[PDB]
Amino acid sequence: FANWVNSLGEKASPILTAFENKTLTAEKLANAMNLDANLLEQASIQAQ
Amino acid sequence: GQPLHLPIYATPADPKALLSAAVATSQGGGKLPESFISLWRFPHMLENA
């Protein structure tokens, strides 16, 4: 988890406090990884 | 047995960019203690404080 936070780096405070609340979304999470959000959406759907 | 084709050349791996995260914390501020009255007038208590 610490290595994930260090992988995030600069945008860590808003995404960690969004994870601290129960309102964390895929779309804020994708922007911290420079990834397309639909990829995380489909990965969530495949896990579901 | 020397091959006529020349062997393909490998592409080196990409190095990782080590990144640090710097976050800050929020400690709650302290409130005031209770007002306790004294004997002294204003300037002596003012100079004392």
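Please treat every number below as a calculation from the coordinates, not as lab data. When we count neighbours, we look across all protein chains shown, and the Cβ atoms used for this are built from the backbone with ideal geometry, even at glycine.
Restricting chain A to trypsin sites (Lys or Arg not before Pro) that sit in a DSSP loop and have at most 16 other Cβ atoms within 10 Å of their own Cβ leaves A:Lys22. Could you let me know the centre-to-centre spacing of chain A and chain B, using Cα atoms, in angstrom? Distance between centres, Cα-based: 21 Å. Annotation for B:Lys16 and B:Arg41: the two label points, set 7 Å from Cα along the Cα-Cβ direction, are 7.4 nm apart. Here chain B yields Rg over Rh of 1.83, to two decimals, using C-alpha coordinates and the Kirkwood radius. Across chain A, Cα-Cα pairs farther apart than 13 Å form 59% of the total.
With q set to 0.12, 0.22 Å⁻¹, the log10 of I(q)/I(0) for the protein assembly as shown, from the Debye formula over equal scatterers at the Cα positions, is -0.68, -1.24. The loop-placed chymotrypsin sites (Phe, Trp or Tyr not before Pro) in chain A, going by DSSP, that have at most 10 neighbouring Cβ atoms within 10 Å of their Cβ come out as A:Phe1.
Which residue, A:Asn38, A:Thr17, A:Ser7, has the largest displacement toward the positive end of the dipole of chain A when charges sit on each Cβ (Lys, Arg +1; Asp, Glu -1)? Working it through, the farthest residue towards the positive pole turns out to be A:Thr17.
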